[PDB]
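Participant: Experimental structure below, sequence on top.
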Amino acid sequence: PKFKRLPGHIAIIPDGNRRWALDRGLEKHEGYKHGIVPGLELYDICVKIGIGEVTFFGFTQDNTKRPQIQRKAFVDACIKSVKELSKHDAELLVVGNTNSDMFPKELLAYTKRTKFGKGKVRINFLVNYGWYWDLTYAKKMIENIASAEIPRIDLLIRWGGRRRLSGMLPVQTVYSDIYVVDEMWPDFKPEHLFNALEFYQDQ
Amino acid sequence: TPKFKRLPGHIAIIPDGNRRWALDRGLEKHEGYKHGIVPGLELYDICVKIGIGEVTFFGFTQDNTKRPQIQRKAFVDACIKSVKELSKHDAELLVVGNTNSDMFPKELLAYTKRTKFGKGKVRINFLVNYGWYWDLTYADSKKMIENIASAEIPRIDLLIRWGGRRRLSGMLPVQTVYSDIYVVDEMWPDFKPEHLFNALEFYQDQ
Ligand SMILES: CC(C)=CCC/C(C)=C/CC/C(C)=C/CSP(=O)(O)OP(=O)(O)O
Ligand SMILES: CC(C)=CCC/C(C)=C/CC/C(C)=C/CSP(=O)(O)OP(=O)(O)O
Ligand SMILES: C=C(C)CCSP(=O)(O)OP(=O)(O)O
Ligand SMILES: C=C(C)CCSP(=O)(O)OP(=O)(O)O
Ligand SMILES: [Mg+2]
Ligand SMILES: [Mg+2]
């Protein structure tokens, strides 16, 4: 589909993976592996329509306090997503608290933005991320927040039906238009993104 | 008033859509703000009746002060009248904003220290000549966040925005990190009790 106006930078909150799994009769931790292909599909659509920058919420510092079986699954799914995007022309950046045992060592290779292939889209991941860590990391202070290499967000899209930011990038979300999909993240469809983009061009 | 299982401790209000409301009625854009005063007082009356302990209103931003003088004078006048009218109720009032600016109305400097009027049944905060960057930069790394300009305003449970835009417009980025966000399509001067009741049903059903 054709759009009159496109956001320069979209933020994604891929919430609802545990509810999705429980609804399918799987264990709570089994939804995250079903969240990988939706991200790659979203990326593909963004390359096709020409979105310049996408930031995914991977996991928060609070999420690390979840049951180990869940953490290992969502961490493994974040690593696989990043690794897979590095094979398909993403310019990748991971932002999160690397001074923590909970930062996945496999993503230390991505903490300075790295072009893969043609670098068709800037893809950012928040991993072991907290708003408070971000702001206090730090007028040099605001330009020096931990997420300073992630620019202002135009459109934030959240799956899972919760209408909240969960502390995603408070500086970059000040003026973001927010679109909520009721379906859980693993039920992602191209129409969810097209509906958010219709909403955005109407603002 | 329904038998809520739970209420928000703190609601934030974004009373957007006043210029659109005015234009729809054939008025000049600046004339909508005076029609946003009584809706504020109605929202206060409902909050006191149902037991909401704390409300924060978005009064106007530093960016809003770049609008035409006739608009600025009207929304400043409407914010002054709102605060004064609320001072006749059982409200503990606090204004937060950049007072080191000729755009801060001198009439509201008195309310920069939280002040209990009558029985002080609800705490009401108002953001006047507010900007998120001014707030955060106002600020040990811990002391910094506890020392933001808006530090006397706690975490927001529920944010309700009129005028159909789904965005924060830089309202209190620290306090809104986890806020549930409810958007009413009607402009602020078309405030109805059911808008607040619908937002509260939404909040408790989360
Ligand atoms: C696309 C991408 C960034 C990576 C692929 C793997 C995924 C989807 C990671 C997200 C991890 C978490 C903790 C998301 C919240 S869903 P939840 O655990 O809060 O579930 P619930 O809301 O309880 O249903
Ligand atoms: C705080 C309170 C309860 C009442 C005091 C009077 C009012 C309603 C003041 C709010 C002032 C502003 C600038 C609101 C934005 S509506 P806008 O100018 O952006 O209108 P538009 O979105 O363009 O329709
Ligand atoms: C990694 C993310 C998708 C962000 C957190 S989604 P999470 O379920 O942790 O957030 P809340 O519903 O606000 O409790
Ligand atoms: C209600 C307020 C005082 C906050 C601003 S609503 P305003 O129209 O200024 O904000 P945007 O829609 O983001 O342009
Ligand atoms: Mg969740
Ligand atoms: Mg407006």
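Facilitator: Looks like it arrived, so ask away. Numbering: from 1, shown residues only, chains lettered A, B, ... in the order given. Ligands and ions are numbered 1, 2, ... in the order given.
Participant: show me the contacts for the spatially closest residue to residue A:110 that is not a sequence neighbour.
Facilitator: With Cβ to Cβ, 6 or more residues apart in numbering or on different chains as the criterion, residue A:110 has its nearest non-adjacent residue at 4.1 Å, and that residue is residue A:94. Heads up, the C-betas are built off the backbone N, CA and C, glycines and all. Contacts for residue A:94 were tallied using Cβ atoms under 8 Å, 6 or more residues apart in numbering or on different chains; they are A:58, A:82, A:107, A:110, A:111, A:124, A:125, A:126, A:127.
Participant: Can you say which of those residues are buried?
Facilitator: When the contacts of residue A:94 are checked for burial by 16 or more other Cβ atoms under 10 Å in any protein chain shown, the buried set is A:58, A:82, A:107, A:110, A:124, A:125, A:126, A:127.
Participant: just checking, which of those residues belong to helices?
Facilitator: residue A:82 (DSSP state H).
Participant: Secondary structure element holding residue A:55?
Facilitator: Assigned by DSSP states H and E, residue A:55 belongs to strand A:53-60.
Participant: what's the spacing between that strand and its chain's center?
Facilitator: If you compare the mean C-alpha spot of strand A:53-60 with that of the full chain, they lie 2 Å apart, counting by Cα atoms, centre = their mean, to the nearest Å.
Participant: do it and ligand 3 meet at all?
Facilitator: Yes - contact check for strand A:53-60 against ligand 3, using Cβ under 6 Å from any ligand atom: residues in range are A:57, A:58, A:59, A:60.
Participant: Mind giving me the packing neighbours of that strand?
Facilitator: In terms of contacts (3 or more Cβ pairs under 8 Å, 6 or more residues apart in numbering or on different chains; DSSP states H and E), strand A:53-60 is packed against strand A:9-14, helix A:36-49, helix A:68-85, strand A:121-129.
Participant: Which single residue in chain A comes nearest to ligand 2?
Facilitator: Across chain A, the shortest distance to ligand 2 (Cβ to the nearest ligand atom) belongs to residue A:203, at 11.6 Å.
Participant: how about the nearest residue to that residue, chain neighbours excluded?
Facilitator: The spatial neighbour of residue A:203 that comes closest, neighbours along the chain excluded (Cβ to Cβ, 6+ apart), is residue A:177 at 5.1 Å.
Participant: Just give me the neighbour total for that neighbour.
Facilitator: Residues near residue A:177, counting by other Cβ atoms under 10 Å in any protein chain shown, number 18.
Participant: That one pairs with what?
Facilitator: The bridge-partner assignment for residue A:177, based on DSSP bridges, gives residue A:155.
Participant: Check the gap between it and ligand 1 for me.
Facilitator: With distances taken as Cβ to the nearest ligand atom, to the nearest Å, residue A:177 is found 21 Å from ligand 1.
Participant: Verify the stated contact: that residue with residue A:154.
Facilitator: Yes - proximity of residue A:177 to residue A:154 meets the contact threshold set by Cβ atoms under 8 Å, at 7.0 Å.
Participant: How about residues contacting stretch A:69-76?
Facilitator: Applying Cβ under 8 Å, 6+ apart, the contact partners of stretch A:69-76 are A:17-18, A:27-30, A:32-33, A:58-59, A:63-64, A:66, A:102, A:104.
Participant: could you redo the last one with a cut-off of 7 Å?
Facilitator: Contact with stretch A:69-76 is made by A:28, A:29, A:32, A:33, A:59, A:63, A:64, A:104, as judged by Cβ atoms under 7 Å, 6 or more residues apart in numbering or on different chains.
Participant: same thing with stretch A:58-66?
Facilitator: Applying Cβ under 7 Å, 6+ apart, the contact partners of stretch A:58-66 are A:71, A:74, A:78, A:97, A:102, A:125-130, A:133, A:166-167.
Participant: Only the buried subset of the residues you listed, as a ChimeraX command please.
Facilitator: Listed next is the ChimeraX selection for buried residues among the contacts of stretch A:58-66, using 16+ other Cβ under 10 Å:
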select /A:71,74,78,97,125,126,127,128,129,130,133,166,167
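Participant: and the contacts of stretch A:58-66 near ligand 3, which?
Facilitator: The overlap between the contacts of stretch A:58-66 and the neighbourhood of ligand 3 (criterion: Cβ under 6 Å from any ligand atom) consists of residue A:166.
Participant: Quick check: chain neighbours aside, which residue is closest to residue A:201?
Facilitator: Using Cβ to Cβ, 6+ apart, the closest residue to residue A:201 is residue A:5 (4.2 Å).
Participant: where does that neighbour land in three-state SS?
Facilitator: Three-state assignment for residue A:5 (DSSP: H, G, I helix; E, B strand; the rest coil): coil.
Participant: okay, now it: neighbour count?
Facilitator: 10.
Participant: That one and ligand 1, how far apart?
Facilitator: Distance, residue A:5 to ligand 1, by Cβ to the nearest ligand atom: 25 Å.
Participant: And that residue, its phi and psi?
Facilitator: Taking degrees, to the nearest 10, you get phi -150, psi 140 for the backbone angles of residue A:5.
Participant: quick one: it and residue A:203 touch, right?
Facilitator: No - counting by Cβ atoms under 7 Å, residue A:5 stays clear of residue A:203, with 8.7 Å between them.
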